[PDB]
Amino acid sequence: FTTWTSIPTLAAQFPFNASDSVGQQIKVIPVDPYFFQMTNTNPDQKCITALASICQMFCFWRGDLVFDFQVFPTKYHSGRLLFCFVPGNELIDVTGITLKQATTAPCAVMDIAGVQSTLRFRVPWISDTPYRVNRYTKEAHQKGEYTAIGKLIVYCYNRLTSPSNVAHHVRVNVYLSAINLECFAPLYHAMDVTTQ
Amino acid sequence: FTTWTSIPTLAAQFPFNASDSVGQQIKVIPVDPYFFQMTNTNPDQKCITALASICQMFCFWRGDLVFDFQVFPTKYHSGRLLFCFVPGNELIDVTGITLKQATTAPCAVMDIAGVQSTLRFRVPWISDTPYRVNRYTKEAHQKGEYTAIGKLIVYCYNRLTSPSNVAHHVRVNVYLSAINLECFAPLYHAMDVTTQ
Amino acid sequence: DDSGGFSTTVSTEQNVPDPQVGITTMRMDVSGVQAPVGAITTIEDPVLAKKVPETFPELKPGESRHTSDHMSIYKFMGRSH
Amino acid sequence: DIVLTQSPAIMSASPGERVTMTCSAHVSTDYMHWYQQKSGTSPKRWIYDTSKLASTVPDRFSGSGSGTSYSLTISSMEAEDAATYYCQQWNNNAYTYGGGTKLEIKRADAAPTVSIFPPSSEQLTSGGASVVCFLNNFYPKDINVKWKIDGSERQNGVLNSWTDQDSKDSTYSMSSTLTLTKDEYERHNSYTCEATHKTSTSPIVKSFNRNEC
Amino acid sequence: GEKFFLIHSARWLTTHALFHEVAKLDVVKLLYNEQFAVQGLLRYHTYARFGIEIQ
Amino acid sequence: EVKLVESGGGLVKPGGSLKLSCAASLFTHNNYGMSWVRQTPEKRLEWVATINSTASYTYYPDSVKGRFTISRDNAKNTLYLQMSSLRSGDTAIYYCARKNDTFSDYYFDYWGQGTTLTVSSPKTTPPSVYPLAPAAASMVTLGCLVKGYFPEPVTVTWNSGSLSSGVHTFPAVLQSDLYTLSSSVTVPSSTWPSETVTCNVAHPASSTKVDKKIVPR
Amino acid sequence: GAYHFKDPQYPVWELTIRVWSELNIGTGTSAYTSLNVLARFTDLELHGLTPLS
């Protein structure tokens with residue numbers, strides 16, 4: 001099955017406007033292979049990633065995930081982003097973290113212009129249990145069993161300075177893949193779009 | 001005499017506008033060393049290439065010709081051209097050839113932007129007779145004796161996409177030279193400007 | 001070459017079948033001291049797309065407890081449906 | 001060979017809405033190319049291939065369709081589209097044209113202004129006459145103008161003239177000429193053209209007498 | 001037989017929305033036409049086995 | 001910019017012949033096939049002619065085959081269109097058209113200004129222009145009535161271009177072998193009857209100029 | 001075993017081009033760009049010549 005899981009597919013989509021202050025939070029991502037939010041109208045369908053259509057058939061999962069951010073700038077914009085990873089679970093109160101407070105957590109910066117346009121971001125495995133359960137079959141919550149190892153935050157580390165005859169926003173695609181992955185205990189379940 | 005013939009001189013001139021559709025024919029060239037069309041007003045003179053003022057003194061000629069196209073763009077335009085060579089003689093009906101129909105003939109594409117600006121185009125020798133006669137001394141036509149090995153067509157393979165603060169056309173010069181050339185049977189004749 | 005053509009730019013082999021054994025096993029730092037060249041890349045090059053990424057200091061996970069692997073088709077679909 | 005059709009004839013639209021027309025053939029065509037005939041001038045480059053707008057065309061226009069049905073998608077109607085479109089097929093030989101879709105800009109309802117003139121004396125000494133009725137600055141285009149001739153209506157001799165949409169006030173104007181003879185003119189007294197409006201209930205009766213002056 | 005052919009073109013605008021399909025074409029069917037030079041071999045034969053290059 | 005200048009045209013009786021010329025410049029003609037497009041005033045459009053680079057290939061539709069003759073002049077860089085066996089179906093406006101290729105099909109780019117051909121058998125008639133007088137408000141409409149002309153192009157301009165913004169030029173109607181229009185002008189109440197209001201009438205076929213001053217009744 | 005030209009079963013390959021991200025311009029920048037597709041065969045093998053056109 002690793003022929004499907006080790007190939008990155010598109011999962012998310014977000015813009016980077018020129019009218020944001022330094023330290024504004026752009027997009028939050030729960031860290032799990034069950035995440036996907038794209039959809040289409042003609043025909044009526046909810047799109048899926050390749051990683052979500054393997055791990056939706058197992059009770060447990062384990063391994064490092066690889067986020068790939070791809071920007072689409074011109075040659076003439078400038079600015080810096082700050083990706084931050086907070087360890088935990090799928091539900092904590094995360095938007096009280098200020099920009100200076102995010103440097104305690106492991107983080108990395110990205111320069112927009114240049115000849116490279118892809119940042120491969122490998123998330124380590126930080127947990128207290130060896131395997132992390134699938135819960136989306138159930139309906140009620142329970143403290144102790146979870147679906148995530150923490151969340152990810154996308155900040156604005158430097159603003160977008162640009163000329164007049166170019167556009168005012170740069171769109172970023174978010175890919176999704178895995179490495180050193182392991183699953184067991186099969187079942188059947190159809191996923192649903194996580195509306196973040 | 002090869003000290004004159006092996007040096008490229010300017011022969012033709014044509015613009016590439018931003019308002020042409022894909023598949024519009026820009027310029028046709030009969031393939032012969034007798035071709036030249038530039039002129040000047042002060043003083044009144046008809047310009048000549050170096051290749052035409054050697055081969056205008058011989059009854060027969062043979063060898064491969066080398067067309068050199070030189071563009072003058074900015075760094076910020078984009079588009080592609082399609083040079084096509086149709087074998088034949090100096091008179092066929094050539095403008096019925098569509099853009100898809102031109103790919104059967106030997107052809108080559110050119111990218112405008114970059115760090116190179118010159119395409120050297122070597123035309124092979126395709127004929128049924130070993131030597132091709134000079135006819136411009138005579139006045140009437142005759143089927144069987146000709147002056148060309150075919151014609152060349154310049155298409156528009158991709159359109160000109162540009163910003164606003166640059167110009168809207170790129171001019172292209174056409175050079176002319178020969179290689180492996182052979183002539184014999186001398187005479188005297190003064191050429192005249194081929195008005196295409 | 002069979003066709004007698006010419007090529008300097010390469011679009012390499014894509015979607016390698018069965019790339020990795022799906023049990024967490026071993027074949028010391030995996031990532032560490034050396035600066036990450038896999039942290040930044042270009043995804044439009046198929047040559048540079050298959051480079052193993054790293055950005056944080058990690059090490060070896062270990063070995064699983066259950067013997068057989070549940071990520072092979074012949075053991076997954078061996079169960080009837 | 002084969003002939004094209006266009007399903008609307010004259011479509012009106014307010015600025016800021018969608019406009020959609022359809023060109024269709026009975027033998028399936030591959031690539032469809034459109035043209036725009038402005039009033040008084042020649043058509044130009046409007047649409048090369050199936051979906052490929054020209055150089056000087058704004059981005060809001062579009063084209064689609066394959067086989068039999070073909071459409072011209074306008075997302076936002078604007079004030080610069082006062083012209084006539086044409087579709088053309090481009091298979092084997094004939095390259096036949098469409099029927100012609102006259103796109104006019106919709107203006108709100110307005111009352112017609114009437115000023116009817118008696119014929120001049122130089123025409124009345126030439127053996128004939130032309131009782132001409134005027135209408136100015138009215139909407140819609142289709143209006144019912146009838147003559148009131150001693151209480152009756154005569155449909156013989158009616159000459160109606162029609163302009164296009166003016167590019168400034170977006171209004172329509174009309175002539176209504178009643179062709180007569182010198183001695184046929186001198187039988188009636190009551191001359192009245194009335195304009196049947198669709199929002200105003202009664203047609204506006206504007207009259208004059210022949211035996212005046 | 002093996003020579004690059006121009007089979008179809010399209011044009012990409014600003015007004016096309018996200019995930020819109022610009023061009024949808026059959027690769028094998030458009031090569032089978034008289035206007036190309038590969039017609040002269042495929043017209044008189046019946047079966048073929050081949051690979052496809054795209055640019 | 002591509003320049004296509006048509007020439008010729010006029011009043012041709014049925015059973016005659018006429019040659020036209022679209023002389024273009026600024027671009028090379030031996031890359032371009034040329035054609036002709038017909039503008040009948042009732043139904044639109046119809047395409048009639050084709051000749052490629054050399055003068056060998058001529059493509060006509062079914063109707064105009066055997067009636068028309070086309071020939072290119074690459075030395076003088078011009079075009080021609082020899083029409084024979086004319087009748088009233090070809091009373092129209094003629095454009096010279098330029099062919100260009102798309103991928104599987106063809107395409108036009110530029111059409112010229114166009115001429116005027118009318119096929120019928122009356123004589124050339126100068127017009128008879130008579131005023132339009134009322135029998136009161138801040139806006140007073142005036143007008144000239146143009147009547148009795150067979151050649152179609154006429155020029156009705158108010159005070160040689162002074163009142164041009166308030167003009168309602170009504171089109172002409174063919175009635176009993178006579179065309180008739182009525183240009184109506186918008187005049188303020190202070191101009192009439194205190195100043196001069198006179199329309200120009202220019203009939204270039206018969207070369208007649210009739211100025212009609214609107215007088216109060 | 002092989003493709004049949006004069007009576008195809010179903011098309012072997014089907015090329016597709018989707019808009020991966022939208023095209024954005026400013027003022028006066030041209031609102032379009034052309035596209036082209038090139039194609040050729042590799043390793044052509046023929047079998048069984050037929051007389052019928």
# chains A, B, ... in the order shown; residues from 1 in each chain; ligands from 1
>>> residues_around(residues="stretch 184-191 of chain A", least_positions_apart="5", cutoff="9 Å", atoms="only C-alpha atoms", output="list in words")
residues 34, 48, 52, 53, 56, 57, 58, 59, 60, 61, 136 and 137 of chain A; 69, 70, 71 and 76 of chain C
>>> write_last_selection(atoms="N, CA, C and O atoms", output="mmCIF file, in the first residue's frame")
data_model
loop_
_atom_site.group_PDB
_atom_site.id
_atom_site.type_symbol
_atom_site.label_atom_id
_atom_site.label_comp_id
_atom_site.auth_asym_id
_atom_site.auth_seq_id
_atom_site.Cartn_x
_atom_site.Cartn_y
_atom_site.Cartn_z
ATOM 1 N N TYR A 34 -5.948 12.061 8.440
ATOM 2 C CA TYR A 34 -7.365 12.080 8.117
ATOM 3 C C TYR A 34 -7.839 13.430 7.592
ATOM 4 O O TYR A 34 -9.047 13.632 7.445
ATOM 5 N N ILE A 48 -10.513 13.885 -2.062
ATOM 6 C CA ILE A 48 -9.804 13.125 -1.039
ATOM 7 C C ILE A 48 -8.316 13.152 -1.373
ATOM 8 O O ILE A 48 -7.930 13.338 -2.531
ATOM 9 N N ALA A 52 -5.383 9.890 2.955
ATOM 10 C CA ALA A 52 -6.608 9.676 3.718
ATOM 11 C C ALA A 52 -7.353 8.439 3.250
ATOM 12 O O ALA A 52 -8.026 7.785 4.051
ATOM 13 N N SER A 53 -7.245 8.088 1.969
ATOM 14 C CA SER A 53 -7.887 6.867 1.495
ATOM 15 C C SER A 53 -7.021 5.630 1.662
ATOM 16 O O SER A 53 -7.197 4.676 0.901
ATOM 17 N N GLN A 56 -8.030 5.494 6.295
ATOM 18 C CA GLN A 56 -9.420 5.456 6.737
ATOM 19 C C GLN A 56 -9.937 4.045 6.944
ATOM 20 O O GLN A 56 -11.120 3.886 7.256
ATOM 21 N N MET A 57 -9.103 3.026 6.766
ATOM 22 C CA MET A 57 -9.515 1.642 6.927
ATOM 23 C C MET A 57 -8.796 0.940 8.069
ATOM 24 O O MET A 57 -8.674 -0.284 8.034
ATOM 25 N N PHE A 58 -8.294 1.676 9.055
ATOM 26 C CA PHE A 58 -7.512 1.095 10.136
ATOM 27 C C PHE A 58 -7.846 1.768 11.460
ATOM 28 O O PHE A 58 -8.195 2.951 11.502
ATOM 29 N N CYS A 59 -7.724 1.006 12.547
ATOM 30 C CA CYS A 59 -8.002 1.530 13.877
ATOM 31 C C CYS A 59 -6.866 2.370 14.442
ATOM 32 O O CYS A 59 -7.124 3.238 15.280
ATOM 33 N N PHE A 60 -5.627 2.131 14.023
ATOM 34 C CA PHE A 60 -4.483 2.779 14.646
ATOM 35 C C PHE A 60 -3.509 3.218 13.565
ATOM 36 O O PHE A 60 -3.442 2.625 12.487
ATOM 37 N N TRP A 61 -2.740 4.262 13.866
ATOM 38 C CA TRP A 61 -1.741 4.752 12.929
ATOM 39 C C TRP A 61 -0.573 5.339 13.705
ATOM 40 O O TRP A 61 -0.706 5.739 14.863
ATOM 41 N N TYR A 136 -13.181 8.895 14.627
ATOM 42 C CA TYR A 136 -14.224 9.482 13.788
ATOM 43 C C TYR A 136 -15.380 8.532 13.489
ATOM 44 O O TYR A 136 -16.424 8.980 13.000
ATOM 45 N N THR A 137 -15.219 7.238 13.761
ATOM 46 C CA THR A 137 -16.353 6.323 13.745
ATOM 47 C C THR A 137 -17.303 6.616 14.900
ATOM 48 O O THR A 137 -18.526 6.606 14.722
ATOM 49 N N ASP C 69 2.825 -8.216 9.206
ATOM 50 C CA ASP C 69 2.522 -6.856 8.790
ATOM 51 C C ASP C 69 1.132 -6.777 8.179
ATOM 52 O O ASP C 69 0.731 -7.646 7.400
ATOM 53 N N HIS C 70 0.402 -5.721 8.529
ATOM 54 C CA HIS C 70 -0.964 -5.518 8.071
ATOM 55 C C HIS C 70 -1.071 -4.536 6.913
ATOM 56 O O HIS C 70 -2.175 -4.081 6.608
ATOM 57 N N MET C 71 0.039 -4.194 6.268
ATOM 58 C CA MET C 71 0.025 -3.244 5.163
ATOM 59 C C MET C 71 0.320 -3.887 3.816
ATOM 60 O O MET C 71 0.676 -3.172 2.875
ATOM 61 N N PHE C 76 -3.956 -8.280 3.795
ATOM 62 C CA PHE C 76 -5.137 -7.465 4.041
ATOM 63 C C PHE C 76 -6.351 -8.105 3.387
ATOM 64 O O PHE C 76 -7.324 -8.446 4.062
#
>>> residues_around(residues="residue D:54", least_positions_apart="4", cutoff="9 Å", atoms="only C-alpha atoms", output="JSON, numbers by chain")
{"B": [19, 21], "D": [45, 46, 47, 48, 58], "G": [32]}
>>> residues_around(residues="residue B:167", least_positions_apart="2", cutoff="10 Å", atoms="only C-alpha atoms", output="PDB file with N, CA and C atoms, in the first residue's frame")
ATOM      1  N   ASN B  17       4.190  41.257 -34.164  1.00  0.00           N
ATOM      2  CA  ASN B  17       3.220  42.046 -33.418  1.00  0.00           C
ATOM      3  C   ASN B  17       2.593  41.227 -32.302  1.00  0.00           C
ATOM      4  N   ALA B  18       1.977  41.931 -31.351  1.00  0.00           N
ATOM      5  CA  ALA B  18       1.268  41.275 -30.263  1.00  0.00           C
ATOM      6  C   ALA B  18      -0.187  40.984 -30.592  1.00  0.00           C
ATOM      7  N   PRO B  73      14.409  41.239 -28.148  1.00  0.00           N
ATOM      8  CA  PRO B  73      13.344  41.392 -27.162  1.00  0.00           C
ATOM      9  C   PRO B  73      13.812  42.204 -25.962  1.00  0.00           C
ATOM     10  N   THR B  74      12.901  42.370 -25.013  1.00  0.00           N
ATOM     11  CA  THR B  74      13.282  42.755 -23.665  1.00  0.00           C
ATOM     12  C   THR B  74      13.496  41.471 -22.872  1.00  0.00           C
ATOM     13  N   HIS B  77       9.209  39.728 -22.300  1.00  0.00           N
ATOM     14  CA  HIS B  77       8.227  39.184 -23.219  1.00  0.00           C
ATOM     15  C   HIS B  77       8.298  37.664 -23.224  1.00  0.00           C
ATOM     16  N   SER B 162       2.646  40.163 -22.577  1.00  0.00           N
ATOM     17  CA  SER B 162       3.577  41.193 -22.142  1.00  0.00           C
ATOM     18  C   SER B 162       2.956  42.060 -21.055  1.00  0.00           C
ATOM     19  N   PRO B 163       3.756  42.765 -20.254  1.00  0.00           N
ATOM     20  CA  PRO B 163       3.183  43.789 -19.375  1.00  0.00           C
ATOM     21  C   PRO B 163       2.802  45.057 -20.116  1.00  0.00           C
ATOM     22  N   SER B 164       2.423  46.090 -19.365  1.00  0.00           N
ATOM     23  CA  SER B 164       1.917  47.309 -19.983  1.00  0.00           C
ATOM     24  C   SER B 164       3.022  48.307 -20.296  1.00  0.00           C
ATOM     25  N   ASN B 165       4.048  48.396 -19.453  1.00  0.00           N
ATOM     26  CA  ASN B 165       5.091  49.400 -19.612  1.00  0.00           C
ATOM     27  C   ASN B 165       6.236  48.956 -20.519  1.00  0.00           C
ATOM     28  N   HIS B 169       5.888  44.886 -29.818  1.00  0.00           N
ATOM     29  CA  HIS B 169       6.393  44.163 -30.975  1.00  0.00           C
ATOM     30  C   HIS B 169       7.889  43.951 -30.817  1.00  0.00           C
ATOM     31  N   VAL B 170       8.365  42.840 -31.374  1.00  0.00           N
ATOM     32  CA  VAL B 170       9.774  42.476 -31.344  1.00  0.00           C
ATOM     33  C   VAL B 170      10.227  42.321 -32.786  1.00  0.00           C
TER      34      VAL B 170
END
>>> select_by_dssp(residues="stretch 23-215 of chain F", states="helix (DSSP H, G or I)", output="MDAnalysis selection string")
chainID F and resid 29:31 88:90 164:166
>>> interface_residues(of="chain G", to="chain E", cutoff="7 Å", atoms="only C-alpha atoms", output="NGL selection string")
:G and (2-5 or 13-24 or 31-51)
>>> write_last_selection(atoms="N, CA, C and O atoms", output="CSV table (one decimal), in the first residue's frame")
chain,number,residue,atom,x,y,z
G,2,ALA,N,-3.5,-5.3,-29.5
G,2,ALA,CA,-3.1,-4.2,-30.2
G,2,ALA,C,-4.3,-3.3,-30.4
G,2,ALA,O,-5.5,-3.6,-30.2
G,3,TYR,N,-4.0,-2.1,-30.9
G,3,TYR,CA,-5.1,-1.1,-31.2
G,3,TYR,C,-5.6,-1.3,-32.6
G,3,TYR,O,-4.9,-1.8,-33.5
G,4,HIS,N,-6.9,-1.0,-32.8
G,4,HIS,CA,-7.5,-1.2,-34.1
G,4,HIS,C,-8.0,0.2,-34.6
G,4,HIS,O,-8.9,0.8,-34.0
G,5,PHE,N,-7.4,0.7,-35.7
G,5,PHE,CA,-7.7,2.1,-36.1
G,5,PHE,C,-9.1,2.2,-36.7
G,5,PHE,O,-9.8,3.1,-36.3
G,13,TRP,N,-5.3,6.4,-24.6
G,13,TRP,CA,-4.9,7.5,-23.7
G,13,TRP,C,-5.9,8.7,-23.8
G,13,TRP,O,-6.5,8.9,-24.8
G,14,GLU,N,-5.9,9.5,-22.8
G,14,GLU,CA,-6.8,10.6,-22.7
G,14,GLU,C,-6.1,11.8,-21.9
G,14,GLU,O,-6.0,11.7,-20.7
G,15,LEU,N,-5.5,12.7,-22.7
G,15,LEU,CA,-4.8,13.8,-22.1
G,15,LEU,C,-5.8,14.8,-21.4
G,15,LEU,O,-7.0,15.0,-21.9
G,16,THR,N,-5.4,15.4,-20.4
G,16,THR,CA,-6.3,16.4,-19.7
G,16,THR,C,-5.4,17.5,-19.2
G,16,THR,O,-4.3,17.3,-18.8
G,17,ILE,N,-6.0,18.7,-19.2
G,17,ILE,CA,-5.3,19.9,-18.7
G,17,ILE,C,-6.3,20.7,-17.8
G,17,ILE,O,-7.4,21.1,-18.3
G,18,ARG,N,-6.0,20.8,-16.5
G,18,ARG,CA,-6.8,21.6,-15.6
G,18,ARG,C,-6.1,22.8,-15.1
G,18,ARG,O,-4.9,23.0,-15.1
G,19,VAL,N,-6.9,23.8,-14.7
G,19,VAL,CA,-6.4,25.0,-14.1
G,19,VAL,C,-6.0,24.8,-12.7
G,19,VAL,O,-6.9,24.6,-11.8
G,20,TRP,N,-4.7,24.7,-12.4
G,20,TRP,CA,-4.2,24.4,-11.1
G,20,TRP,C,-4.3,25.6,-10.2
G,20,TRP,O,-4.5,25.4,-9.0
G,21,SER,N,-4.1,26.8,-10.7
G,21,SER,CA,-4.3,28.0,-9.9
G,21,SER,C,-4.7,29.1,-10.9
G,21,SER,O,-4.4,29.0,-12.1
G,22,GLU,N,-5.5,30.1,-10.4
G,22,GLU,CA,-6.1,31.0,-11.3
G,22,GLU,C,-5.1,32.1,-11.8
G,22,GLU,O,-4.1,32.4,-11.1
G,23,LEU,N,-5.4,32.7,-13.0
G,23,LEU,CA,-4.6,33.6,-13.6
G,23,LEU,C,-5.0,35.0,-13.2
G,23,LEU,O,-6.1,35.5,-13.3
G,24,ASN,N,-4.0,35.8,-12.7
G,24,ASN,CA,-4.2,37.1,-12.1
G,24,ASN,C,-3.4,38.1,-12.8
G,24,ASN,O,-2.1,38.0,-13.0
G,31,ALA,N,-4.5,39.7,-20.9
G,31,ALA,CA,-5.3,38.8,-20.1
G,31,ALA,C,-5.3,37.4,-20.7
G,31,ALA,O,-6.3,36.7,-20.4
G,32,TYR,N,-4.3,37.0,-21.5
G,32,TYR,CA,-4.4,35.6,-22.1
G,32,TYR,C,-2.9,35.2,-22.4
G,32,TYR,O,-2.0,36.0,-22.5
G,33,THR,N,-2.8,33.9,-22.6
G,33,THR,CA,-1.6,33.3,-23.1
G,33,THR,C,-2.0,32.1,-23.9
G,33,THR,O,-2.9,31.4,-23.5
G,34,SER,N,-1.2,31.8,-24.9
G,34,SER,CA,-1.5,30.7,-25.8
G,34,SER,C,-1.0,29.4,-25.2
G,34,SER,O,-0.2,29.4,-24.3
G,35,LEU,N,-1.4,28.3,-25.8
G,35,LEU,CA,-1.0,26.9,-25.3
G,35,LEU,C,-0.8,26.1,-26.6
G,35,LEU,O,-1.5,26.3,-27.6
G,36,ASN,N,0.1,25.1,-26.5
G,36,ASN,CA,0.3,24.1,-27.6
G,36,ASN,C,0.6,22.8,-27.1
G,36,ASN,O,1.2,22.6,-26.0
G,37,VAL,N,0.2,21.7,-27.8
G,37,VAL,CA,0.4,20.3,-27.5
G,37,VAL,C,1.1,19.7,-28.7
G,37,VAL,O,0.7,19.7,-29.8
G,38,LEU,N,2.3,19.0,-28.4
G,38,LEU,CA,3.0,18.3,-29.4
G,38,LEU,C,3.0,16.8,-29.1
G,38,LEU,O,2.9,16.4,-27.9
G,39,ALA,N,3.0,16.0,-30.1
G,39,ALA,CA,2.9,14.5,-29.9
G,39,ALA,C,3.6,13.8,-31.0
G,39,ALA,O,3.8,14.3,-32.1
G,40,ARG,N,4.0,12.5,-30.6
G,40,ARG,CA,4.6,11.6,-31.6
G,40,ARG,C,4.6,10.2,-31.0
G,40,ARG,O,4.3,10.0,-29.9
G,41,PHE,N,4.8,9.2,-31.9
G,41,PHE,CA,4.8,7.8,-31.5
G,41,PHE,C,6.2,7.5,-31.1
G,41,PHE,O,7.2,8.1,-31.4
G,42,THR,N,6.3,6.4,-30.3
G,42,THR,CA,7.6,5.7,-30.1
G,42,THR,C,7.4,4.2,-30.2
G,42,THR,O,6.4,3.6,-29.7
G,43,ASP,N,8.4,3.6,-30.9
G,43,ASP,CA,8.4,2.1,-31.2
G,43,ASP,C,7.2,1.6,-31.9
G,43,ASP,O,6.4,0.8,-31.3
G,44,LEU,N,6.9,2.1,-33.1
G,44,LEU,CA,5.7,1.7,-33.8
G,44,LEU,C,6.0,0.4,-34.5
G,44,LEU,O,7.0,0.1,-35.1
G,45,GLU,N,5.0,-0.5,-34.3
G,45,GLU,CA,5.0,-1.9,-34.8
G,45,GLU,C,3.7,-2.2,-35.5
G,45,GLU,O,2.7,-2.0,-34.9
G,46,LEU,N,3.8,-2.6,-36.8
G,46,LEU,CA,2.6,-2.8,-37.6
G,46,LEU,C,2.4,-4.2,-37.9
G,46,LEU,O,3.4,-5.0,-38.0
G,47,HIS,N,1.2,-4.6,-38.2
G,47,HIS,CA,0.9,-6.0,-38.4
G,47,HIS,C,-0.3,-6.1,-39.4
G,47,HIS,O,-1.3,-5.4,-39.2
G,48,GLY,N,-0.2,-7.0,-40.4
G,48,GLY,CA,-1.4,-7.4,-41.2
G,48,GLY,C,-1.9,-6.3,-42.1
G,48,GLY,O,-3.0,-5.8,-41.8
G,49,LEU,N,-1.3,-6.1,-43.2
G,49,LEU,CA,-1.7,-5.0,-44.2
G,49,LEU,C,-3.0,-5.5,-44.9
G,49,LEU,O,-3.2,-6.6,-45.3
G,50,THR,N,-4.0,-4.5,-45.0
G,50,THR,CA,-5.3,-4.7,-45.5
G,50,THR,C,-5.4,-4.0,-46.8
G,50,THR,O,-4.8,-3.0,-47.0
G,51,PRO,N,-6.2,-4.5,-47.8
G,51,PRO,CA,-6.4,-3.8,-49.0
G,51,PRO,C,-7.5,-2.7,-49.0
G,51,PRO,O,-7.5,-1.8,-49.8
>>> residues_around(residues="stretch 161-166 of chain D", least_positions_apart="3", cutoff="9 Å", atoms="only C-alpha atoms", output="list in words")
residues 39, 82, 104, 105, 141, 169, 170, 171, 172, 173, 174, 175, 176 and 177 of chain D; 168, 169, 170, 171, 172, 173, 181 and 182 of chain F
>>> write_last_selection(atoms="N, CA and C atoms", output="short mmCIF file (atom, residue, chain, number, x, y, z; two decimals), in the first residue's frame")
data_model
loop_
_atom_site.label_atom_id
_atom_site.label_comp_id
_atom_site.auth_asym_id
_atom_site.auth_seq_id
_atom_site.Cartn_x
_atom_site.Cartn_y
_atom_site.Cartn_z
N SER D 39 -22.19 49.18 -35.04
CA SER D 39 -23.07 49.90 -35.94
C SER D 39 -22.27 50.89 -36.79
N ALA D 82 -23.08 47.44 -27.16
CA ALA D 82 -24.19 47.78 -28.04
C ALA D 82 -23.84 47.42 -29.48
N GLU D 104 -28.84 44.65 -27.08
CA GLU D 104 -29.16 46.03 -26.73
C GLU D 104 -29.17 46.16 -25.21
N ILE D 105 -28.86 47.36 -24.72
CA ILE D 105 -28.78 47.58 -23.28
C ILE D 105 -30.14 48.04 -22.77
N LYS D 141 -38.79 49.21 -27.31
CA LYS D 141 -38.76 49.47 -28.75
C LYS D 141 -40.11 49.14 -29.38
N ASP D 169 -27.70 58.55 -24.00
CA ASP D 169 -28.89 58.51 -23.15
C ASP D 169 -29.62 57.17 -23.20
N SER D 170 -29.21 56.27 -24.10
CA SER D 170 -29.69 54.88 -24.18
C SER D 170 -31.17 54.80 -24.54
N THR D 171 -31.64 55.78 -25.32
CA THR D 171 -33.05 55.90 -25.66
C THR D 171 -33.29 55.50 -27.11
N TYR D 172 -34.58 55.38 -27.45
CA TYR D 172 -35.03 55.01 -28.79
C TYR D 172 -35.89 56.15 -29.33
N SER D 173 -35.88 56.33 -30.65
CA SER D 173 -36.70 57.34 -31.30
C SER D 173 -37.35 56.76 -32.55
N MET D 174 -38.39 57.44 -33.04
CA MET D 174 -39.26 56.88 -34.06
C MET D 174 -39.78 57.97 -34.99
N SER D 175 -39.90 57.61 -36.28
CA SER D 175 -40.74 58.32 -37.24
C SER D 175 -41.92 57.42 -37.61
N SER D 176 -43.04 58.04 -37.95
CA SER D 176 -44.22 57.33 -38.45
C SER D 176 -44.84 58.17 -39.56
N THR D 177 -44.54 57.82 -40.81
CA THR D 177 -44.91 58.61 -41.97
C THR D 177 -46.15 58.01 -42.62
N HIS F 168 -31.35 63.34 -34.14
CA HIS F 168 -31.95 62.01 -34.26
C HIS F 168 -32.07 61.69 -35.75
N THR F 169 -31.03 61.08 -36.32
CA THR F 169 -31.01 60.71 -37.73
C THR F 169 -31.80 59.42 -37.90
N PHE F 170 -33.00 59.53 -38.47
CA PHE F 170 -33.88 58.39 -38.73
C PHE F 170 -33.47 57.73 -40.05
N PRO F 171 -33.45 56.40 -40.10
CA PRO F 171 -33.05 55.72 -41.35
C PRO F 171 -34.09 55.86 -42.46
N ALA F 172 -33.68 55.47 -43.66
CA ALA F 172 -34.50 55.63 -44.85
C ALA F 172 -35.37 54.40 -45.10
N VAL F 173 -36.50 54.64 -45.76
CA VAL F 173 -37.45 53.59 -46.13
C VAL F 173 -37.68 53.66 -47.63
N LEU F 181 -36.01 59.49 -45.72
CA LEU F 181 -35.73 59.58 -44.29
C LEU F 181 -36.09 60.97 -43.79
N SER F 182 -35.95 61.17 -42.48
CA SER F 182 -36.24 62.44 -41.84
C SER F 182 -35.34 62.61 -40.63
#
>>> interface_residues(of="chain B", to="chain F", cutoff="6 Å", atoms="only C-alpha atoms", output="list in words")
residues 23, 24, 25, 93, 95, 98, 99 and 100 of chain B
>>> interface_residues(of="chain G", to="chain A", cutoff="9 Å", atoms="only C-alpha atoms", output="list in words")
residues 21, 24, 25, 26, 27, 28 and 29 of chain G
>>> write_last_selection(atoms="C-alpha atoms", output="JSON list (two decimals), in the first residue's frame")
[["chain", "number", "residue", "atom", "x", "y", "z"],
["G", 21, "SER", "CA", -4.29, 28.03, -9.94],
["G", 24, "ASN", "CA", -4.23, 37.12, -12.14],
["G", 25, "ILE", "CA", -3.31, 40.32, -13.95],
["G", 26, "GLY", "CA", -3.29, 44.01, -13.11],
["G", 27, "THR", "CA", -4.02, 47.00, -15.31],
["G", 28, "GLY", "CA", -2.93, 46.90, -18.95],
["G", 29, "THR", "CA", -1.32, 43.46, -18.72]]
